[PDB]
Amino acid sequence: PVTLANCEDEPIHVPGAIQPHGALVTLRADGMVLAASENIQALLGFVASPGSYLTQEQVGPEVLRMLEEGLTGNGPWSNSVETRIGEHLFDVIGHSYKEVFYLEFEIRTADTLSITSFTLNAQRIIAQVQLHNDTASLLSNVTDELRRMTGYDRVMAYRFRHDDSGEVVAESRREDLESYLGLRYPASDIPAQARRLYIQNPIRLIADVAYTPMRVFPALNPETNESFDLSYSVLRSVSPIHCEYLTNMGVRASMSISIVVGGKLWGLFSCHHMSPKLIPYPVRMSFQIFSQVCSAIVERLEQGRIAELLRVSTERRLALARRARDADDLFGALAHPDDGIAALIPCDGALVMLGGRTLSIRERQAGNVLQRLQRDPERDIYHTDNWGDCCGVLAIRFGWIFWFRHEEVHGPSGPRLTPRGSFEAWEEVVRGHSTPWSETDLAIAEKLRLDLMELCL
């Protein structure tokens, strides 16, 4: 059973059930059926029974042909074919994962996307990704054009911050609907397995959120004694918790393009529609490759950006050391506040103590902080938050130096599963926390302390 105590650790990769707008058949390395969704009979003619091998008179030759390329091919298998199976026309989408071949049969609604039509869906959106250098403009434009293409009632862009939280930084919507721009949610809203998954699969599609699921039996794969890993499964079922959530939001369909940098989920477009919605495989695949393209683009953009700040920041420090290694009045040289310490690390106020002289840029607290480093009389550095009249504190020793950051930063069945009810849960994590001290800030204060450890007279 699934609750708020239990959402942190839920195995959404091996649910043992899909969604009903398709069917699933799992087969082993020799094509023998190991398991099938329970609507196979309802969607198609056959009764896929463990032990059986698929036959032309069940699934068509196109599928068998396809599946064969798979069983004899060597590496990971991915492929599809547009086959008529008796009731309807189908997109049969296969892959192998672990030591299992999945054959997901999703429903087609005509007609064939020309290869060409497919190439300019891709090229149309990609094109929107390469007009801009700013990362914000980039997100803002794609968010827009995605909606034009999909028709989704709402297209959104989320950024993820080092602390694994989330912000909505772009939007294009139906105006009947509330705006989300600026909203903030915690890491806890996307459990490690959702996340680790959004990285693995560029795209997710949820078609009906109040869909009532469809199980695969057996729930457990005889060959391996473990359940089936539907990680790469298209129709893989959605967790119930996130379903209670989207319903509290009044949303019936979902769709997510991923944006990945380093080995990490850096952001993601999440499309919403207020009635059920299905984006056909071929078109998903467009946006699949878009996701590959967008991710690289952002990586280089963001490394260039960061490298810059990193340089102006280091170029500052060095400027300051050369200005002191060559300057007397180390206090006054540290001090034309504009050349000052507070100009090196992002803070709200800072402090330069040495000898019996102080200056509170942007004195008394200094005899209290040195009095809390009384029990660690050999610390040359100090870093904390959540604390006088400031919670963010970073301290270096050579005389000392301090930088400060305050913190004025900024139905259902369960409580917190709501847009504003997640933002409220957020505030708590942040009401006693200043902007944390980047890897960089620890390096700067560090290189600085050393730099001033060179000065002799």
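Heads up: residue numbers just count along the shown sequence, starting at 1.
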Study note, to complete from the structure: residue 387 to residue 388: deposited residues not modelled, binned count -> 10 or more
Practice item. Classify the number of deposited-sequence residues missing from the model between residue 420 and residue 421: none, 1 to 3, 4 to 9, or 10 or more. Key: none
**Study point:** Stretch exceeding the other in mean C-alpha B-factor - 86-94, 192-200
**Key:** 86-94
Practice item. State which stretch shows the higher mean Cα B factor in the entry: 97-105 or 374-382. Key: 374-382
Point to revise | Among 311, 284, 362, 242 - the residue whose C-alpha B-factor is largest in the record | key: 362
Point to revise | Selection by C-alpha B-factor (highest) of 297, 259, 230, 366 | key: 366
Review point. In terms of the CA temperature factor given in the entry, to which third of its chain does residue 51 belong: lowest, middle or highest?
Key: lowest
Revision key, fill the gap. Temperature factor at the Cα of residue 275, chain-ranked in thirds, falls in the middle
Review point. Going by the entry, which third of its chain does the Cα temperature factor of residue 248 land in?
Key: highest
Practice item. Would you please rank residue 13 by its C-alpha temperature factor against the other modelled residues of its chain and give the third it falls in: lowest, middle or highest? Key: lowest
Practice item. Sort the modelled residues of this chain by their C-alpha B factor and say whether residue 186 lands in the lowest, middle or highest third. Key: middle
